[PDB]
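[1] Let me start by giving you these chains from the complex, positioned as in the assembled structure:
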Amino acid sequence: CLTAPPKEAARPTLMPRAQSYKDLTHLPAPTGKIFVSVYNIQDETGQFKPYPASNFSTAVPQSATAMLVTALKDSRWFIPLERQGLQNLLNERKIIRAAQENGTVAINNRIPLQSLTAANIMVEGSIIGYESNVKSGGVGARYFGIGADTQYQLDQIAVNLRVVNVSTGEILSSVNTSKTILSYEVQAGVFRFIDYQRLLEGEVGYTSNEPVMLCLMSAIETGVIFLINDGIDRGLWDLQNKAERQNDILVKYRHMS
Amino acid sequence: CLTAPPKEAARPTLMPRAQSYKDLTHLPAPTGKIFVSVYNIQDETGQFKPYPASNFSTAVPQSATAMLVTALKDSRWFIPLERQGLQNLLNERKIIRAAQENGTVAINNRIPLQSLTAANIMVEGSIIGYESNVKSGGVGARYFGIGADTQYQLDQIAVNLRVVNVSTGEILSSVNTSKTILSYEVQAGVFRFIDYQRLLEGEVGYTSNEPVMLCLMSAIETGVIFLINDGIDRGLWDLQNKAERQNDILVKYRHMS
Amino acid sequence: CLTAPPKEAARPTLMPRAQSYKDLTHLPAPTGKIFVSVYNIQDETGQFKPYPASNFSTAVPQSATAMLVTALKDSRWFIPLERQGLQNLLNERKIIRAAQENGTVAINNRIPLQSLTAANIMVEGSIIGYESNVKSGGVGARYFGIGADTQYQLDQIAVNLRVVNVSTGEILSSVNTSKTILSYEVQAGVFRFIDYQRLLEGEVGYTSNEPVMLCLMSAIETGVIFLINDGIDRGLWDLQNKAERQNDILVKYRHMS
Amino acid sequence: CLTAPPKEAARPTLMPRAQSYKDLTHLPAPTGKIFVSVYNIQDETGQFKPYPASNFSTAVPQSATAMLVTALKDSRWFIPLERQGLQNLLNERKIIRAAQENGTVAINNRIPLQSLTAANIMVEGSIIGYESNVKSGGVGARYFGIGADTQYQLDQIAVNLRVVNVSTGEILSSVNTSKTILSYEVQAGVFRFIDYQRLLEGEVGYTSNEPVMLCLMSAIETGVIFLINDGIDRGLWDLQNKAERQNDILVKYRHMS
Amino acid sequence: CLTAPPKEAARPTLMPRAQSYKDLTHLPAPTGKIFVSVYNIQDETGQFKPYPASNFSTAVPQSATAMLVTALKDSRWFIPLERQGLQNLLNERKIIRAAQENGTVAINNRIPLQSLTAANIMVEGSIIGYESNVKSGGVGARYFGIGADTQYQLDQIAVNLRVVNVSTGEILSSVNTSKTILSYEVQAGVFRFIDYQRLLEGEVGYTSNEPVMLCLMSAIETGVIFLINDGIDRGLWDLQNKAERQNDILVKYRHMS
Amino acid sequence: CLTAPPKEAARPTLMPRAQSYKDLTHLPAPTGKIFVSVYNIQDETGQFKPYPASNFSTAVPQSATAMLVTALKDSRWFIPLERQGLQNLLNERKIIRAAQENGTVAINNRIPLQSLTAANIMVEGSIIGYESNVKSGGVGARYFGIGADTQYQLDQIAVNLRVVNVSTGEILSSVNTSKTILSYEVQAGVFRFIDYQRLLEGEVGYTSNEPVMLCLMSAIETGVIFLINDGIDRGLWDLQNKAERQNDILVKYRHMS
Amino acid sequence: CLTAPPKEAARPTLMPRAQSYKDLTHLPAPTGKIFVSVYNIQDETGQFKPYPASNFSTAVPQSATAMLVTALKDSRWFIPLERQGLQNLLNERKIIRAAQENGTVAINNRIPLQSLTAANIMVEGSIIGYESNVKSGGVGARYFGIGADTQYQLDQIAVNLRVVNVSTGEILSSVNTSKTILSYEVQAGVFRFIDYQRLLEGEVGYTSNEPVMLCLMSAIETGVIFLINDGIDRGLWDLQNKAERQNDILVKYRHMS
Amino acid sequence: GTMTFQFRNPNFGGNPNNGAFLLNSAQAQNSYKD
Amino acid sequence: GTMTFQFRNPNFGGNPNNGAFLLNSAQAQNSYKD
Amino acid sequence: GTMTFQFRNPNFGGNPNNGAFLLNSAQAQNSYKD
Amino acid sequence: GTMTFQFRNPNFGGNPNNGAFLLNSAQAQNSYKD
Amino acid sequence: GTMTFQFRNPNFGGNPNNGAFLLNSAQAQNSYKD
Amino acid sequence: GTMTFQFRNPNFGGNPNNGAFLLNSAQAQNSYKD
């Protein structure tokens, strides 16, 4: 009818990942996956969306620390501890204990808490900036009646990731990866008389604002690859097969630096 | 009369579920339903609706953790503990105790508290982003008098779900599912004279903004299916009948990854 | 289709660094890298972006203390302790202890905490100001039909860095580095009739707002070079080879003062 | 390409200092540099920038106490203790102690804390006011076609500095220095027909808003010179060579009062 | 070039003082300067600047208690204790003690704390009001082509100062001084044809908004003179030479009451 | 020059007092001045200035309790204790004690604290209302060319003063005094042709918005006179000379009730 | 001159009281005045003034509890204890004690505190509503040239007063009194040509917005009369002369119910 | 609410968007000539 | 974002600044007479 | 409230939407020729 | 920032202040008659 | 309050809604020909 | 601040209040006929 809520358009697939993900997943396996601990990749950018967007709509999402975890988990290199919403985890462990500290729980479904597995490093970070319209542009020409244009803006988003060694507290590596969100628009409109009094107007439009979350995800995936390279380089998490030191991927991100 | 409040239009049916729900409900039954614990799938998107919507109207609802619970409960795979509004549950248990710690409650209606059933895993998560107008568009042509147009926007919403193992605190699986909310509009208007001074104007319109809550519900249902697959794959919650490893559904969401 | 989210435009490379970085990385190696401690290079500028940007969008990012760390780490002169998000580091050490204070952790993956390595100096700082349109301008001339213009603004951003000696609490050196963000715009438009009733209009545009985060990064890198010079000058962190006192770079930033 | 972020315009030099700095640095050396303690030169002006600037953008920066420190450090007269972000300094000393209170730190890199060097005086202060458009103006004349104009505004910023004697708590000297920020604009535009139907329009513009941070820095440097004079006058911090009592600079700022 | 930040316009001189200051400084010296204690001359006016100024820009500055101190210090009558930012003073004394309570500080630079010198009276106060446009006006006449105008507004600012006797807690004197900030504007514009088609337009403008901080400073200086008179009158702080009871200045402000 | 800050317009005289002050000062002297205690005549009006004034600019000032003190002090009837900013007074007494509790202060400048002189009554109060445009108006007529107008508004401000007896806690007298702020405006403009093409336009304007602070001061002074009358009437603070019971002033404000 | 602040318009008389006050003051005297205790007649109306008034300007004042006290005090029926700003009263009693607990205060001016006189009832209340434009209107007719109009609005304000018996805590009486603020406007304007080219325009205006504070005062006075009647009726505070039970006033407000 | 009175004429009355009508409401009523 | 649909015609559609063009876009197309 | 005085004429007075009427209120009053 | 796409034509495109020019930019280009 | 000075002419002065009157206030005053 | 670039032409450029002038700035420059 008219009163039924709208039917669903597309299939909710997995989040589309850029090349950097299919570039990150295929890394050489290390000796052993490292327990990692990511607490809060906060939103240090201090930028909010301009008009007409609401005043409070943050420019880049507060997503990170939920995208960096996925990045680390994807490459077969890190095992990410939670450490985010850790208070919920500790409440659930409090409840597990208070539920089986009488021994009366059914011998089947009793959860053997070991202890909070603690991580050897900690990947802190930040979104060190989201500048809008770093480089605008756009050409538009319109002959008699027919016209066509174009606009494009770049929003540059930079992300910083620091692998701090939790033992001695010092920082081991720190990488800054940028990404250029591209937001463009195309139109073509016809507004010429075709006959004495038959006005033919028409107009086709299109616009693509690359989503900030996907650009941030690609930036963080590249940041993770750079962390893995800066580690493999000097002292940390050496690979399983040293022959793969010159891997096709570990030479691409080795030369970008 | 004129002063009676409006009469009700539609029947308040169940919430319309996408294909992914009828795709999620029909999963192979596991050995045993797993107690799960979902605390807060917070709103990490940091996005608020643009003009004319109020400044504070959050883009995606704070609904989640009340939709993820339904998702888990629907598939015959998880039994969701509350752990959300847990403080109310603990107040009600405090009251049960203070009401029957005298033994004077009628032997019929006395509630045998066992202990807070604690869950083996914990499905944390987030809405890692809601970008508006990721891809706009719309064509409109208008001949003499008669005209017709179209517009459409995509709002991409991404959701992250992490099954953290409560025993050792580490994360077992983490999935990112996206959904593309489609909001389109159609119009057709006639504004031509038909006679010397008989102006016939007319206009028909229509618009469908797919509701964000339903797209989020479909995204979370797909996320739950991906969690169940990433578990069934490696080590966790093996199925009841291993022959159903290649089920029609568990091969669809196995190949989307 | 039309409902797929946009595909990715550019490769998320490393953050483009100015000349001052390739001028900073090639510094003479000291006797030994100094443990440094950077707590919070706060946003003392108290400036927010004008219309149309949202009211709360801070002019310069809160990035700093995540860019100064990278600056210090890059030059082979300082080893930056965390001291920022230190509370997360202390939580992770609390968890390491509570996880291996039973000795039952597997002898392989036990993390030998030493103690929080403490730094000999501390590089405090601030963004002492971001003034907008310190010097505007722009010429535009338009003959018959054809026209062309230009605009440009300078946003001056100043950064202060103080190397405070943590032993005695006094300040050893304090440098103020400025940077002039350049934001310019070019257009050229043709709006002349070419025939009796064939109106040829066209217009090409372009605009470059140098990103504030990159200018701030260059300002901080120059600040770090000035700190290293003001130290090398009097008493601190003498070089490995005194012959490099008159290095090509340490004479450039020595004469800028 | 089009998708590369903008390249850097200018070299991030030192902050341009006014005459008052090259007038302040060349002061006669005293007997001995005085330990000074500057806590917070707060923003007592209570002024925010008008439209179109955001509502919260403070008129003068919260920079001060990071510019007064540089002022004091520059003249070879005061050694500025931190006392600002002192809590970070005390945290770092807490960490130094907790790191070497076992004596197990390597005998090389152990930091001998003495005690927080305490200062004999304390230079408190304020920005006692920033009035906008204290004196506007601007003439513009335009003959046939050709026209030219001019505007200028003065923003007066006043700064108060009080050298309070920390021993007895009383104030020794208190100076009020003003500065007149000059913000002017020039335009010249030609809009006359030159031929029958050849319209030649053109326009050149320029604008200079002296940055508030630089005017505040010059005001504070003059304030520091006045403090040094009001001290040298009566009882405090007598010079090394009394013959320099009538120095070229100490007679200029002695007669301004 | 074009990218250099603007050069400095004026010399940051001392704050221009009204007649009341050169009327206040030349007061008869008393027997002995009185220790005075000024805590907070708060902003009781509750007025914020109208449009276009930001909503939060307070009408009169929060400067006072940093201008009243200067007023008291200037007249050779009061020695102003700090008592404002006293917490910073007490922190610095805490540090002096913790730095020399071991006796190990070098016998030269040890600061002999006596005790916080306490004041016999206390000059509390307020800005009891800042009314805008108490009396507007402005005439403008324009003959053929040539025209000229004028506007002027008065903003009245009143200040209250109470010398409370700290011994017995009662108030000794309380004075209310007003000041009329004058803000005027002049323009003259010529817009007459001078020839057949030679339009000569021109316009000269000027505007002076007397700064609120300077008017407040003059109001407070007059308030201080009235306090000194109301004291000299009855019982307090009698002059050094009673013959100067009828001084030229102490008879001017004696008859204004 | 052009860059000098504006010179001062008027002499900062005493606050202009209405007739009610010269009506209040000349009251009959009582037997003995009464110690009075005024804590906070708060702003109970809950009114903020309309457009264009900022949203937060309170309609009537928060001045009161600094104007009521002056009112009480002026009439030779009450001695006003501070009790406002009392915390500052107690801090200064704490400092006096901590400064002379060693007896080592110089026998000259030691302050003999007695004890906080306590008052027999307490004059609480409020600004019970500030209504805007209680009665607008304004006539304007304009013949051929010449025209003249007028507008006027009344803003009524009411003040309540309660003399509460501190011994027994009950209220002795409570008076409500109103005042009608008058804000008027006059203009006269001539816009008639005087010759064939010689347009003579001219316009003179004027406006007076009586300041709210002065009307509030007059309202509070009348309130104080009414308090003194309501006391003299029944039982309290009887006059020195009972013959002055029928004083010229005490019969004017006796019959207004 | 032009720079003198405006001179005062009207005499700050007593607050104009409606008929209900001269109807309330002349009540029959009771046996004995009752100690009453009014704490806070809060602003429960939750209404703020519309445009153009500031957003925060409360519709009805927060005056009440300072107008109800005057109402109770006026009728010779209640003695109102303070209980509002009671904390100030208790501070002043603390000071009285700390000032005479040594017995050293001069035997003349020592204040014999008895104890806080406590009241037998308590008149709580609220402003239960202020609705704007409950009933608008206004007629305007304009013949050739001459025209005249009228507008009027009613703002209804309701007040609730509850005499709660403090002994047993229950409510004895509760009255709801309404008042209709009347805000009207009249204009008359003439805009007809009177001669060939002599345009006579003229316009007279007037407007009266009855002040909300005075309507609230009349509402509260009527509420007090209704309280006194509802008491006299059943059991409380019986009159001195029972013959005055049928008083002219106590029969008017007895029949309004 | 409060009735912030304001003239109807644009001259000596502020609101200028009323000038087009008022004067036109008098040229249309002008019954005079010569 | 949400597409708050709204007619294009000024009559029965609200936005009045569109009336000048729409009608003019029909008198310019009017191919009828008598 | 405060009466923020402001001229009525557009020239030397700011509010420009008043220029259409004022001048038209003088050409309509212009009783001069030659 | 986001490019909230919107038609340029007033009809089926909303922004009505563009109708005066667009149609006038076609009557000025109309090279047809009869 | 502060008097943020601003030219009255639209050219070199910004406020453009004043251009219709100013120039019209000079063609109406133009007493020149040839 | 940031220079949010935007076309000057009303067509394909948004700001419609510019259409009255631009086209008029071309009919006034049109030196063609037939």
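    Sure, I can see it. Numbers count the residues shown, from 1 in each chain, chains lettered A, B, ... in the order given.

[2] and the helix or strand harbouring residue A:140, does that touch chain D?
    Using DSSP states H and E, residue A:140 sits within strand A:135-142. Yes - contact between strand A:135-142 and chain D, assessed by Cβ under 8 Å from any Cβ of the partner chain, occurs at A:135, A:137. Quick note: C-beta positions are derived from backbone N, CA and C, even for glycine.

[3] Report the separation between residue A:121 and residue B:47.
    Separation of residue A:121 from residue B:47 (Cβ to Cβ, to the nearest Å): 32 Å.

[4] Could you pull out the strands in the stretch 1-150 of chain A for me?
    A:34-37, A:41-42, A:78-81, A:121-131, A:135-142, A:146-165 (DSSP state E, counting those that start in this stretch).

[5] anything in the last one sitting right up against chain B?
    I take that to be strand A:146-165. No - against chain B, strand A:146-165 shows no contacts by Cβ under 8 Å from any Cβ, the least distance being 11.6 Å.

[6] Just name whatever secondary elements that strand is in contact with.
    Where contact means 3 or more Cβ pairs under 8 Å, 6 or more residues apart in numbering or on different chains; DSSP states H and E, strand A:146-165 is packed against strand A:121-131, strand A:135-142, strand A:171-193, helix A:212-234, helix C:212-234.

[7] repeat that for 7 Å
    The helices and strands touching strand A:146-165, judged by 3 or more Cβ pairs under 7 Å, 6 or more residues apart in numbering or on different chains; DSSP states H and E, are strand A:121-131, strand A:135-142, strand A:171-193, helix A:212-234.

[8] That strand: which residues count as buried?
    If you call a residue buried by 16 or more other Cβ atoms under 10 Å in any protein chain shown, then strand A:146-165 has these buried ones: A:147-165.

[9] Could you check how many residues crowd around the residue of chain H found nearest chain L?
    Residue of chain H nearest chain L, by Cβ to the nearest Cβ: residue H:16 (9.9 Å). The local packing of residue H:16 (other Cβ atoms under 10 Å in any protein chain shown) involves 20 other residues.

[10] Identify the residues contacting the nearest residue to residue A:31 once chain neighbours are set aside.
    Leaving aside its sequence neighbours, residue A:31 sits nearest to residue A:240 (Cβ to Cβ, 6 or more residues apart in numbering or on different chains; 5.3 Å). Contact analysis of residue A:240 by Cβ atoms under 7 Å, 6 or more residues apart in numbering or on different chains lists A:28, A:29, A:30, A:31.

[11] onto the same structure, chain N please:
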Amino acid sequence: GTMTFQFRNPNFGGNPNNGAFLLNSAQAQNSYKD
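    Take a look at chain N, now in place beside the chains above:
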């Protein structure tokens, strides 16, 4: 305050409400023909 410079011409200068006057301030000054 800061002087956010902005062209006066509508073309290449943004503020379009100035186009009606500027061009009219040149046709009124056009002393050319043929």
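
[12] Check what packs on strand A:146-165 one more time with chain N there.
    strand A:121-131, strand A:135-142, strand A:171-193, helix A:212-234.

[13] mind listing what it pairs with, with the direction of each?
    strand A:121-131 (antiparallel), strand A:135-142 (antiparallel), strand A:171-193 (antiparallel) (DSSP bridges).

[14] re the thing from before, which of the helices and strands packed on strand A:146-165 is buried the deepest?
    Mean neighbour count (mean count of other Cβ atoms under 10 Å in any protein chain shown) peaks for strand A:121-131 among the helices and strands packed on strand A:146-165, with a mean of 27.

[15] I'd like the distance from the closest residue to residue A:228 other than its chain neighbours to residue A:84, if you could.
    Take residue A:228 and drop its neighbours on the chain: the residue closest to it by Cβ to Cβ, 6+ apart is residue A:77, 5.8 Å away. Residue A:77 sits 19 Å away from residue A:84, taking Cβ to Cβ as the criterion.

[16] Residue A:61 too?
    15 Å.

[17] More neighbours: which of those two?
    Shown here are residue A:61 and residue A:84; by other Cβ under 10 Å, residue A:61 has more neighbours (27 against 24).

[18] which residues does the residue lying closest to that one once chain neighbours are set aside bridge with?
    Leaving aside its sequence neighbours, residue A:61 sits nearest to residue B:129 (Cβ to Cβ, 6+ apart; 4.5 Å). Bridge pairing for residue B:129 (DSSP bridges) gives the partners residue B:158.

[19] any chance you could map the helices in chain H?
    H:19-27 (DSSP state H).

[20] Get me the contact residues on chain H for chain F.
    H:2, H:3, H:4, H:5, H:7, H:11, H:12 (Cβ under 7 Å from any Cβ of the partner chain).

[21] could these go into TSV alongside distance to residue E:245?
    Listed next are the residues of chain H next to chain F as TSV, based on distance: Cβ to Cβ, whole Å:
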residue	distance to residue E:245
H:2	55
H:3	59
H:4	55
H:5	56
H:7	59
H:11	61
H:12	57
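
[22] count of residues packed around the residue in chain H that chain K sits nearest to?
    Proximity of chain H to chain K (Cβ to the nearest Cβ) peaks at residue H:17, 17.0 Å away. Counted with other Cβ under 10 Å, the neighbours of residue H:17 add up to 11.

[23] How about the contacts made by it?
    Per Cβ under 7 Å, 6+ apart, neighbours of residue H:17: residue J:17.
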